[PDB]
Each structure stands twice: as structure tokens, then as C-alpha cells.
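Single-letter residue listing:
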Amino acid sequence: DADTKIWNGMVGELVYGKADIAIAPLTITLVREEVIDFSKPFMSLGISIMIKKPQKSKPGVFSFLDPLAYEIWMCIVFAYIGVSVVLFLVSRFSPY
Amino acid sequence: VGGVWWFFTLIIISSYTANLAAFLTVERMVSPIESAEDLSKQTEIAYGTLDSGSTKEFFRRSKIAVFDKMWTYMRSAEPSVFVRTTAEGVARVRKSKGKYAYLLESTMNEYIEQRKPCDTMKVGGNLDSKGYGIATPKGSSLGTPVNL
Amino acid sequence: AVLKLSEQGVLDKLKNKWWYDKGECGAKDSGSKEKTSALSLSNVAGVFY
Amino acid sequence: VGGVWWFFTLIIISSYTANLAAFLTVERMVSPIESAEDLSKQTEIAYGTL
Amino acid sequence: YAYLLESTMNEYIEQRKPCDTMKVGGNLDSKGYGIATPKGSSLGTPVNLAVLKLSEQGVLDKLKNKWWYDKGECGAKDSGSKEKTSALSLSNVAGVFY
Ligand SMILES: NS(=O)(=O)c1cc2c(cc1Cl)N[C@H]([C@H]1C[C@H]3C=C[C@@H]1C3)NS2(=O)=O
Ligand SMILES: N[C@@H](CCC(=O)O)C(=O)O
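Residues numbered from 1 in each chain as written, not as in the entry; some residues may be left out. Chains lettered and ligands numbered in written order. Part of a larger assembly, values for the part shown. Heavy atoms only, no water.

This entry lists cryo-EM as its structure determination method and reports a resolution of 4.2 Å.

1. Quick notes on the packing of aromatic side chains
Definition in use: Only centres within 6.5 Å qualify two rings of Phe, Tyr or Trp (six-membered ring in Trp) as a pair; their planes then separate them into stacked at under 30 degrees, edge-to-face at over 60, and tilted for everything else. The helix count covers DSSP runs of H or I at least four residues long, the strand count covers runs of E at least two residues long, and both are numbered beginning at the N terminus. With a 1.4 Å probe rolled over the protein chains alone, any residue whose accessible area is under 20% of its type maximum counts as buried; one over 50% counts as exposed, and the rest are partly exposed. Geometrically, a charge over a ring is one whose NZ (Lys) or CZ (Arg) sits within 6 Å of the ring centre while staying within 35 degrees of the ring normal.
Taken as a whole, this structure holds 14 aromatic pairs over all chains when the rule is applied. Their ring planes at 40 degrees and their centres at 6.3 Å tell us that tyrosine 80 of chain A and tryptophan 5 of chain B sit as a pair that is tilted. You can see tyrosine 80 of chain A sitting in helix α2 (residues 70-91) and its partner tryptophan 5 of chain B sitting in helix α1 (residues 2-23), one on each of two chains. Between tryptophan 5 of chain D and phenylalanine 8 of chain D, the aromatic rings sit 4.7 Å apart at their centres with planes inclined by 20 degrees, giving stacked as the arrangement. Of the two residues, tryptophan 5 of chain D and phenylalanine 8 of chain D both sit in helix α1 (residues 2-16), three residues apart, roughly one turn of that helix. By relative accessible area, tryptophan 5 of chain D is classed as exposed at 52%. Accessibility expressed as a relative area gives 40% for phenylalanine 8 of chain D, which makes it partly exposed. For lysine 56 of chain B, the ring lying beneath its charged end belongs to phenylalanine 82 of chain B, and the centroid distance is 4.7 Å.

2. Some points on the state of the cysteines
Residue and element names in this part refer to chain E. Defined as follows: When two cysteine sulfur atoms lie within 2.5 Å, the pair is treated as a disulfide.
Applying the stated rule across the entire model yields one disulfide over all chains. Disulfide partner of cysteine 19: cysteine 74, at an S-S distance of 2.0 Å. Residue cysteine 19 is found in the loop between α1 (7-14) and α2 (44-56), and its partner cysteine 74 is found in the loop between α3 (59-69) and α4 (76-79); the two are separated by 55 residues along the sequence.

3. Things to note about the sheet that holds strand β3 (residues 47-52) of chain A
As a reminder, the rule being used: When DSSP locates at least two bridges between a pair of strands, those strands are taken to pair. As a rule, the C-alpha atoms of each element are fitted with a line to give its axis, helices using only the stretch in contact, and angles between N-to-C directions run from 0 to 180 degrees. Any two residues whose heavy atoms approach within 4.5 Å at even a single point are treated as in contact.
Strand order in the open sheet formed by four strands is β1(B)-β2(B)-β3(A)-β3(B), with mixed pairing between adjacent strands. Looking at which strands have only one partner, the edges of the open sheet turn out to be β1 (46-48) and β3 (120-122) of chain B. For this sheet, the mean inter-axis angle between neighbouring strands, taken without regard to orientation, is 35 degrees. Examined bridge by bridge, β3 of chain A and β3 of chain B share three bridges and lie antiparallel to one another. Bridged to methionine 50 of chain A within β3 of chain B is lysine 122 of chain B. The sheet contacts of helix α6 (residues 106-113) of chain B involve β3 of chain A together with β2 (100-105) and β3 of chain B, and relative to β2 of chain B the element is tilted by about 115 degrees.

4. Examining the site of ligand 1
Under the convention used in this document: One heavy atom within 4 Å of a molecule or strand makes the whole residue count as near it. Polar contacts, as counted here, are pairs of nitrogen or oxygen atoms within 3.5 Å of one another; within protein the pair requires one atom able to donate a hydrogen and one able to accept it, and residues that are adjacent in sequence qualify only if both atoms are side-chain atoms. Here the Shrake-Rupley method, with its probe set to 1.4 Å, supplies the accessible areas, and only the displayed protein chains count as covering residues.
Around ligand 1, the surrounding shell consists of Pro41, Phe42, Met43 and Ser44 of chain A together with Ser30, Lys31 and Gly32 of chain E. The local environment of ligand 1 is shared, drawing residues from chains A and E. Here a nitrogen atom of ligand 1 sits 2.4 Å away from a polar atom, N or O, in the main chain of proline 41 of chain A. In the environment of ligand 1, an oxygen atom lies 2.4 Å from a nitrogen or oxygen atom belonging to the backbone of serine 44 of chain A. When ligand 1 sits alone it has 500 Å² of accessible area, and the protein chains cover 55% of it.

5. Section: the nonpolar core
The test is simple: Residues enter a nonpolar core if they are buried and are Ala, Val, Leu, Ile, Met, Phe, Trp, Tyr or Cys, with the set joined through side-chain atoms within 4.5 Å.
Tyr47, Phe59, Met70, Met74, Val81, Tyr100 and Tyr102 of chain B are the most contacted members of the largest nonpolar core, which totals 24 residues. With five residues, β2 of chain B is the single largest residue contributor to this core. In this structure, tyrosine 100 of chain B is in contact with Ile45, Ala46, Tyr47, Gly48, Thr49, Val81, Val83, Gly89, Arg92 and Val93 of chain B, ignoring residues within four places of it in sequence. Counting nine residues, the second-largest nonpolar core is a separate cluster that includes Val11, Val35 and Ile36 of chain A together with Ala135 of chain B.

6. Some words on the site of ligand 2
How we decide: Ten residue types, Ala, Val, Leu, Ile, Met, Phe, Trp, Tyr, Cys and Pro, are classed as nonpolar, four, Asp, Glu, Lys and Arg, as charged, and the remainder, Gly among them, as polar.
Neighbouring ligand 2 are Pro25, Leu26, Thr27 and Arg32 of chain A together with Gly53, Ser54, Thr55, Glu105, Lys130 and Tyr132 of chain B. One of the backbone N or O atoms of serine 54 of chain B is found 2.5 Å from an oxygen atom in ligand 2. At 3.3 Å from a nitrogen atom of ligand 2 is found a side-chain nitrogen or oxygen belonging to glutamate 105 of chain B. Burial of ligand 2 by the surrounding chains reaches 84%, relative to a free accessible area of 290 Å². Within the residue set of the shell around ligand 2, elements represented by two or more residues are α3 (54-61) and β4 (130-132) of chain B. Of the residues belonging to the shell around ligand 2, the class tally is three nonpolar, four polar and three charged.

7. Let's talk about the arrangement of the chains
With seven pairs of chains in contact overall, the contact-richest pair is chains A and B. One finds no contact linking chain A with chain D; the least C-alpha distance across the pair is 11 Å. Separating chain D from chain E is a minimum C-alpha gap of 16 Å, and the two share no contact.

Structure (C-alpha cells):
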């Protein structure tokens, strides 16, 4: 506790003699050494950081079409046709 | 007409290959900056610990300046980044939409990442080397036969 | 007393604090990151002209 | 002649297409002045102090 | 002839010249050095309290940086994160001619 040092939780269970042993996920600290005895440590760990999983997008079936935007594919076909007809326009033009 | 069309098709699909190589280079999503250190620096994503946690006491006692600066923020984090129970902080992050980090232990972080729907992620390494140990009341007879 | 803190560089630590530990707006951070892809028609449209 | 010219154009356009999508997105800058000196000269943009 | 030793040894000698070692696999177990006294000495508690400060103050890590990582000497710890050369050689090519 603040200013009265009353160990809440699981610590006062063995400090104030309420329980007999604490087999639990309990980290050995320094200030806990002063109030209760311990065993040798059995599982090492540390401060981890957990954040969300930020949602990778998968490729599609047409993933080869991706390095050119949707419009230009439609735009190039338009340009493809009109190029060809003008060639065919000047192709047959009454050779005299 | 044709050399124009030659000049057209020369530019276009050669430029296609340049972008096509660019997709086969890399696909790594950057997953923003770890070993966090921006939690000290940015104001965007909050971060908290468990109530009555040793880590919550650790940064109170931590003398490293960034950890001080985190603790400087964590004492001034309004509202409470601190949570009382475990999954309390977990689904808080899950609904935070990447706006609240949370600190826990390595054995926890690996285990909840094995849970469905895997929506967590551990970033960086740990910060320290801690260890669980079995505790007794101080001065009990049980100490040596347990610890053997 | 000024000459100690300059010699101890505490001013710099403060100069990091009030300018650089609060680097907020953008391109200080985002200027050293990666880029996108997928060429757009606005890059291209003069060729069709 | 063309054997020179093919060997010519092979080394040219390969170098031309070393990178091009890098060169289609730059969006660089405008920045008319730095050391102003046109604030003395132009009448367009004013300028003041505290 | 293989040889068995400890993880802190295996990482340290791999940092030595001429780097001719290699650690393979993981470890086999989880051991730990600890300071020992004669059994029943008075020194036990004041030592074992004093250890917990430096671990909590991380001074051991600063020392662990000192005696392993501030003396990263042999090569690929440094040169493994650098750039590369160019100019393709015939040994890369010679099977094509075959
Ligand atoms: N890999 S681990 O965290 O689960 C782990 C951690 C540890 C283990 C055993 C395991 Cl499996 N035993 C050690 C203890 C065995 C002896 C050597 C080291 C101490 C005493 N405690 S520890 O170093 O905290
Ligand atoms: N095992 C720790 C968990 C909380 C923390 O890491 O702060 C404890 O009991 O204090």
C-alpha cells in the first residue's frame, strides 16, 4: 500500500500468513525478496510488447496486371484499335 | 504512322518492365516503428500496463531516460492506459485500431499470438531478463525441500 | 554556471527535448521511409497527345 | 554498317531503360527564392518583421 | 571432431578471429551461472540481495555489451550489413558454354 506498505494481492497472502504457498506466474523482483522467500527461478521471460496484426493484403489472380493501373489497360485498347484503322484507311486509297 | 506506333510501344511496355521488376523486389509491410521508442516520442498510440504490476512499478523505478519519459507519459496518460486484468488490455488494443499499445510478458505475448484470430503481434525483443520462481512465506521450513 | 551546462551539454539534451523529442509534423519521420508503386495515367497522358 | 549501328543502338536504349518509372515520379519543388534579394527587387511579395 | 560448450562461449569465440567456428542448432537446456559461497556462510543474503539491484539496474547488460559486443572484432558482425561488388565473372557463366 501507499504509505502503509500493506501488500495486497498474492503477496500479503504469504506476508500475512493467509496462504501456505504461491505456485503461480509470479515474477521475482527485488522488493518481493524483503517480504517473502523464493525458490530458484524456473522460467525466464521479459517485458514484451504486444500490438495488433496490421492486415496484409494478398495478391490476386491477375497480379501480373497490377503494375499498370486499371484505366490505361482500357485506354491502350482504345488507342490500339484507332491506330490500326487509320493504317487501313491510308492502305486502300485508289492508287492513282 | 508506324514509327509513331513503334515509338509508342517502345516507351510503354519497356516502362512496364520497370514497374514489373518493382513488384518482385519486396512485399514487407513495415508494421510501424518497433523497439518502440516512438511511444516516448509520438503522441499517437498510447500504451499501458497491468494495475498492481511489477512493470508498472518498474518504470516508476526505472532510471533509463526513455523509460522515465515513458513513465513521465504513463503517469500523465489521461485517461488510464493502465488496466486491471489481462484480457482487459488485450481487447482494448483489439478495438484500439492501432491507437493503444500494451505491455506484457514474453510468455504471454507468444501464447496469445497462438490464439485465434492471431490478431496480435509481438514487436522487437524483450527489454529485460526476468524469471518466475516459487515463493513461500519468509522463514518457512518448506524452502529447501521445494527448491531442491 | 552557464559554462558548466554548456560543457556538460545539458542544453543540447534540452535542445533535443524542446525541438527534436517533439518532432511531430511528418516529413522528419516520413521522409526516410519507403514508397508505393503502380504507375498512373497522369504520368503517361502526354505520350498519347 | 548496321553491325556498328546495331551494336550502337543496343548499348543506347538499354541504358535508356535502366530506370524509367523512377524518372516518371519526381514532383520535386518550386521554391522561387532563397536569399531573397527580389524582396529588394520585385514589388510582388511583401515582407515584415516583429 | 565436434565439440560441446556453452552458448556464451560459442557466441564469443565466433566473434574471435578468424571466425572459423560455427554454432549449429539451438541449445539443449536452460542453465545459469550463479555466485556460490561456502554453505552456511553469513555472506549469502547480502550478496544475493546485491545481485538483484544490478540486474534491475541492468549494469550486467552494460557489462555484457562490454565483454562481448563492444569487442565485436571478427568481421561479419560488421561486414555482414554492408554493400556489395559487381562485374560478373566467367565462373558464374561457364556451365552455359558447356
Ligand atoms: N527456458 S525457461 O525460461 O523456460 C527456463 C528457465 C530456467 C530454468 C529452466 C528453464 Cl526451462 N532453470 C534455471 C535454473 C536451473 C539452474 C540453472 C539455472 C537455474 C538454476 N532457472 S531459469 O534460468 O529461470
Ligand atoms: N509476474 C508479474 C506480472 C506483472 C508485471 O510484469 O508487472 C508480477 O507478478 O508482478
